[PDB]
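Read through the structure below, which is laid out as structure tokens, and then see the notes.
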There are 2 protein chains.
Amino acid sequence: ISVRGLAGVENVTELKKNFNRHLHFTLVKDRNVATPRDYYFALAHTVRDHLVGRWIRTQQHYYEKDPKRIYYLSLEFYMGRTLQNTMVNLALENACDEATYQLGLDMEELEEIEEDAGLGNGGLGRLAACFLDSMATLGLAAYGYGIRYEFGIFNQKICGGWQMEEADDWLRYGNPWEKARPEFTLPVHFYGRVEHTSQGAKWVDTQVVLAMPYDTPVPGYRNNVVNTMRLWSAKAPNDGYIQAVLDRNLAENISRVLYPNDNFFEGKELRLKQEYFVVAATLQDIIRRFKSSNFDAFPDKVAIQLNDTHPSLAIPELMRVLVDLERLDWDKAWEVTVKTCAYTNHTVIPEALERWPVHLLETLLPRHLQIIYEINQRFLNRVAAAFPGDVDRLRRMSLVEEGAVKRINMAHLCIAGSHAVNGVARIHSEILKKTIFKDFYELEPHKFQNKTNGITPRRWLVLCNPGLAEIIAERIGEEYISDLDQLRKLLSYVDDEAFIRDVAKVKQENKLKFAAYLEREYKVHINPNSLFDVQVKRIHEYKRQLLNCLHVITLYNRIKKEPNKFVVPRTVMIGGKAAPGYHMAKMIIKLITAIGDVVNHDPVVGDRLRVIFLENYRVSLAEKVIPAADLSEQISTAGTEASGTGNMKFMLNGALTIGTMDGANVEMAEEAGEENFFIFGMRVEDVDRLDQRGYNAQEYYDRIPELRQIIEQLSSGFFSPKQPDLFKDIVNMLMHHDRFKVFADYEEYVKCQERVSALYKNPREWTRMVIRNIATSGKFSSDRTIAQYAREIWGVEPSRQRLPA
Amino acid sequence: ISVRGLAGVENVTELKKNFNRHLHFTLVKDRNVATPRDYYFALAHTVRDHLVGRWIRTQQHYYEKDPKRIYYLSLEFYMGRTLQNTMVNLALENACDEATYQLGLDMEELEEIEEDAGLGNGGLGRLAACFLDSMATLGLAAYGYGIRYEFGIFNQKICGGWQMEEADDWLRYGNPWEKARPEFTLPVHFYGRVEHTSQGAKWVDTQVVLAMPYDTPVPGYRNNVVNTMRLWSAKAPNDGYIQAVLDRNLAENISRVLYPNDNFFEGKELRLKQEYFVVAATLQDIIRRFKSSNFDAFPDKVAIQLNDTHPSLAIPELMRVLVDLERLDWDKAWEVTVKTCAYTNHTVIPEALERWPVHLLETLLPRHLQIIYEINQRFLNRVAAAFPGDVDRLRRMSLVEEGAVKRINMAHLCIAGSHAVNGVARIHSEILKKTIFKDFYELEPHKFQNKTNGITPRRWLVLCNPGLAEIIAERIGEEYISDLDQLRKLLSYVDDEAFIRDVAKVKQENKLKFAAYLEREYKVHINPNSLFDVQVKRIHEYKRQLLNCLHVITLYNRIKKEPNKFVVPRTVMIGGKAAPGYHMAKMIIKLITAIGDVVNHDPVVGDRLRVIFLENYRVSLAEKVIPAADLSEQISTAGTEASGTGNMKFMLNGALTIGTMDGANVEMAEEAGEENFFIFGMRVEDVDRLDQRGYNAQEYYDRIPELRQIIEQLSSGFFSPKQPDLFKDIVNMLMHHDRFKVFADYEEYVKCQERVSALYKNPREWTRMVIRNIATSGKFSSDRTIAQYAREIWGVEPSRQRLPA
Ligand SMILES: O=C(NC(=O)c1ccc(O)cc1)N[C@@H]1O[C@H](CO)[C@@H](O)[C@H](O)[C@H]1O
Ligand SMILES: O=C(NC(=O)c1ccc(O)cc1)N[C@@H]1O[C@H](CO)[C@@H](O)[C@H](O)[C@H]1O
Ligand SMILES: O=c1[nH]cnc2c1ncn2[C@@H]1O[C@H](COP(=O)(O)O)[C@@H](O)[C@H]1O
Ligand SMILES: O=c1[nH]cnc2c1ncn2[C@@H]1O[C@H](COP(=O)(O)O)[C@@H](O)[C@H]1O
Ligand SMILES: *Cc1c(COP(=O)(O)O)cnc(C)c1O
Ligand SMILES: *Cc1c(COP(=O)(O)O)cnc(C)c1O
């Protein structure tokens, strides 16, 4: 396979000797006692060595050229594994494959040993990861800044059909990719009081926590650029004896674990400490670099992108430093701050928005609270001048929300202090301007933008689906890997009998590969000839895994009704983690496994229908299941999924999509053509009209016999014999308080699914439609997304120019 | 200097290239941004590389030959720095010195960057360190097993003349010498209950803590042998969500910090957990290795040495495994256990002996308590049979002590379960048999032995005093470095005018070197021509730093009395850490600094007398001050210092000794000749006669005018103007409840000190006496000590044979 680079004779010879050198000197092992894990580490260190030279000169280059620096602040970076990605970007895959083969090792086996760097929950964290890859590939002087959690997203275990959370001790065996930089440790302050003396305010009597950075290299695609992702780790200062030392933990707990609540905002103190910790340490680094290049030029040399409101404290912290430390006057500092910061929103659902209780900020960050009040005061004076007499607008736009307990709306703070605010899909960005942020849009229209999300074609095509990447390259070259729009050239092959056959062959190979994996590491057997129907993403009511469940039960009931009637065989796979304290989400997981227990053991069904719950869904599993999927389920209620990115991964890998006109689904259908998409359900307008009228689920239950039967089955204990009322909460929610209108889209969903089965019966036409999707997936490359951020927000020009080394 | 090895052309060339390779690939740095610390690490990794090959084959060799293995269990390993020691033992010092010189670096400057591995309190921990060096040098298949404390002995800061404790974060910048071995992690159990079912007892419902090993290489002196020191680190098993993860700390606190109480036993639960933790993990390793070589041969392949009673749980744990797990019958298991274990005692003072409350063992280690009761039962049945009717002997020898709260005497447990029990100096070993362990000696005389302590001549001569090592080698060769008895050949040079001059020259150079250091890193100026009077060791009442203080004040008062009378100039240095909760010890430190504040600023005294308190005494400081000392203070009350080892370090480095006939001082004087030692004070017999009579301090106060004046000065606030009664506790203790009879040895001490000053006035005779001490210090090499342990206790023969690589 040519897209994996050349396997030169002296290159292979060099890799082999460095492999054995590391096994000996680095790992300190005998070839007679080395285990597969030891071999993985020897390979990792060998590949890491190749990154060093490039990493050192890339950073040296930025010091010389002194270009504008882009700082991407995120509390999450869902990186996954690093070995194969590094080989791919350095063009070392075939060489390492040959070198290891000659040493009597299977590189694929070694790659499976690496732990995932799961420092994220899902979409938001993975977007940050794809963005880092694209920024390096486009030659931007970019830095990713976050927290080095000792424990990432929990490993999910399914016990008795229930989710069990297990600590993700990903650093147990060490992390060969990172480099600790203790010499660059910085002070972060907490608590204390604010002294107001003759010349300015002073924040004193604070407790100090040190921030120690760990740097991880981020290689661009074959351009010799290697940027940095710097993650901070918490350390206690060195200044009963025993208890005093043991209490050092308290300070170090700040970077101990990733918060897994991606659905409901909880104003926990530890989370606020994490947010300030990353912001305070990062900003000192930014200013340091700047002073080594008049803060008037600060915005010309620095761009700070806030991934959601999680790092929003960057705004008042920048003000604190400029005003309290650098001594700039307020107006000047505010000008600099606004021109430097930009904010990206990822959801319109209210329960996820950060609204911190004032009493918490009052105790932990007294000076920042004062700064926020001043910002609010000046901002509202602006609103009052623009909309005289509109007192209600004043209360609505305030950064401070009154009521039971006063809270600070962090989204309002971000809009006021950013020169750009963006949604992540066209429909989402429009909804922001028409609803949630309407008042702000009317005040400052120029600030609102759209930047449709994307995914990196390196990890999501070349790395996880080499077979498809190869057959594509055979016909249009390899240039598309860094210019995905070139995939449009494949439309001229839609009638090519050879190509149609190859596309279908690779998909079949991926399905057999995954079906085998399912038995090896999970002992479950599936029919490779069935349609692989998959929905993988975090469990949320808005994502409607429940609607999928209703269809599965419908299919099952129809079979029990007419057993000898032919139906297209299906393997329905659903996977995803539920936030620990999200009761309903945990009940849905139990429902899925319960359905499987019934369906998978019914003799009449045979191998015509299988329901499997994919355990511990994470980046490394996504790389395995996505290339094997036939049907991608993207069925969120219209207006709820900001963008979605998994949808893009499926489109690029040869799966057809069944979904609502929500998030990026709208743009995907626009690019490929609605005829090549399985669209169904209410549009956003329909949802609003239903809300005006009032959603009454009982209506659908009374008019749809098939739906009624399912609800009765759930209620009577058909799927829970030993515990008849096990799913009472689910039924109760669907019937009386379903914010996401599951029943409203049921009929159209089922009908649409029938059209999917009909097309699958015609192999040739199914594949031709697949080609039309792959061919038009170009717009969804994160390289396109990053280019827009660069030109329209950060003010820099991307570069595909190879670096000097 | 020839004893530093050869600096070959291609050897130097190789070191240089590997140095730059590590700076680039390992540290990931620019030569334009590298700091001294970066250079130190590059050098360390370069030297470490040379250890690897030898380390791997040494361990491979033991697997092949399968010799009897020696396991040295200690909760303390006071290692100090590792770089220079490694170079010395590998004969790479001159080569590295040349290589670094050519790179434009000063190797001495780089060596000062390394942190000390301070995993010990003092003598006991440092003995373990010297023992590891000697066992490797003598070719024994030995393993050091302990705990990898994240925080070693605290760094001592002197604030306002008071000791302040600062956490010793020695791993902050990383430890290049160790190699984590997560793949060899083992389970350690705590709490739980004991089930008694049909076939044997069962320990169930326990809480598990994992023990992760870290291995550090221990190189022998130029024999290519590299043994291992394996230190265990505590890890929590992976099986509110957030709080559950944060609570993992609780389990990991076991290996967090070294207990600094080397004076008073405190039955703290955390300390007991540490003791079992090291024992449980170590024993699994021992058995594993054994089964890979009938437990009847266990004692022929394994020897376990217990450094004090700290790891005494090894006895009942070995029984637990043999009986409960391997299913051996009690008597057989006990036979194996006794033949495998040996115990070393380090003190006769009662407050330091471990006597664990039964209720603590009952909760934490229920099965071990049962085993201890059974051991006690069977042991006492033996005593009853040997001494029929002696009921009092029964209560005295019991492992269980009655009273307020029942406790387990760990020393009694060690004697019952060991085939050998030894003291650490002849006088100490005799005292054990006549007093503290008299009953046990009468029951089993064959178990009691003596093994006089020693120090390694590599670190304590070659490494810290190259100048002296060189002038010695010039005349008798270099063979003495691994056969210290050869120093006796120097007696033929006692009248050699050339040698006398060189010995005196090196001492003068060391004093100027130390005097300079005192100003550089401490800004205090001293007179290099004065007699360097030094007492460095942990602060304890029994060590009598107070007696030294009384002499200093006496000297000061005599000068104020006759200012224009000539007196031999002196620089009195006292250093050492005080256990955190040892009030009296902390008061003595304050007293020393207070005396300095007065004496050091008195115009009349001039540079005739200076009192300096050496801050943060530790191994690296000992290596600096000892070679610069003229007079070694070893003045413990006769019968209290088991052996002492600092005394041996001073003797080997050209200092004369003033001390009591206590511990090893007795043997040192015997070897060098009493005429070449400044002996004074009560012998052990005198102390007992005084106790019979009753020690009344008032008697000395009334009969000695000079002493009375000092006490009155302390009481009146002469040394504490602002706080007149600051030292009331000290005076009160000296006058009414001094267990160590400070006043009783005052007169003889002062008189002896006068004879010291008299000899110092005759440079030539002082030096000749010095030569007689150095020449007879051979017996105190730890190589001699280890050879005796090997032959008389472990049953193995030492070997000076170079290894094959
Ligand atoms: O993944 C998240 N959000 C979180 O994971 C999250 C984590 C911690 C929180 O406190 C709140 C949300 N949002 C997701 O970010 C993706 C990239 O823009 C979008 O495509 C998805 O539509 C959106 O739901
Ligand atoms: O150093 C100690 N003891 C401790 O450091 C200690 C540490 C923790 C404890 O719980 C009790 C004692 N003992 C010392 O061990 C040396 C080597 O045998 C002897 O030469 C000294 O005379 C003796 O006092
Ligand atoms: O003062 C300096 N002199 C020379 N090079 C420097 C200096 N400061 C930074 N650099 C270079 O710039 C890189 C960027 O470091 P950073 O951005 O501060 O982490 C460093 O690794 C050096 O190559
Ligand atoms: O099963 C085995 N086969 C070959 N060599 C072994 C085996 N077990 C241990 N060794 C060798 O013995 C050394 C001792 O390992 P340890 O004493 O168990 O830590 C290992 O590094 C290997 O060189
Ligand atoms: C791409 C990805 C996501 C986001 O999926 P959506 O379906 O857009 O919610 C979540 N988790 C993982 C591991 C991913 O790879
Ligand atoms: C040798 C040594 C000791 C033991 O000294 P003694 O005088 O025998 O108590 C204590 N601390 C350090 C750092 C040592 O090097």
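Every residue number used here counts from 1 along the chain in the order it is shown.
Looks like X-ray crystallography, 1.8 Å, at least that's what the header says.
The backbone N, Cα and C atoms fix where each Cβ goes, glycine too.
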From B:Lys273, B:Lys649, B:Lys751, the one Swiss-Prot labels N6-(pyridoxal phosphate)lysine: B:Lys649
DSSP three-state assignment for B:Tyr214 (phosphotyrosine): strand
Cα-Cα distance in Å between B:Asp239 and B:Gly240, where 9 residues go unmodelled: 14
Residues satisfying Cβ distance under 8 Å from B:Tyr191 (phosphotyrosine), sequence separation of at least 6: B:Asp205, B:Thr206, B:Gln207, B:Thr363, B:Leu364, B:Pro366
Listed in sequence order, residues with CB under 8 A of B:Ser2 (phosphoserine) and six or more positions away: B:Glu470, B:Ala473, B:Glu478
Nearest-integer angstrom distance between the alpha carbons (Cα) of B:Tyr214 (phosphotyrosine) and B:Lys649 (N6-(pyridoxal phosphate)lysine): 30
C-beta crowding around B:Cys130 (site 'Involved in the association of subunits'), within 10 angstroms: 26
Through-space Cα separation in Å, B:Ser293-B:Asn294, 10-residue segment unmodelled: 12
Secondary-structure category, per DSSP, in which B:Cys130 (site 'Involved in the association of subunits') falls: helix
Cα separation, B:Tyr143 (site 'Can be labeled by an AMP analog') to B:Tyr441 (phosphotyrosine) (Å, whole number): 30
Modified residues: B:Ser715, B:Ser716 - member with fewest neighbouring CB atoms within 10 Å: B:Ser716
Proximal residue to B:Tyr143 (site 'Can be labeled by an AMP analog') among recorded positions B:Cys96, B:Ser398, B:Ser482 (C-alpha distance): B:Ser482
For B:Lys649 (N6-(pyridoxal phosphate)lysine), the one of B:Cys130, B:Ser398, B:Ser482, B:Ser716 that lies nearest, given that the recorded positions are compared by Cα: B:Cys130
Other C-beta atoms that fall within 10 angstroms of the C-beta of B:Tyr143 (site 'Can be labeled by an AMP analog'): 24
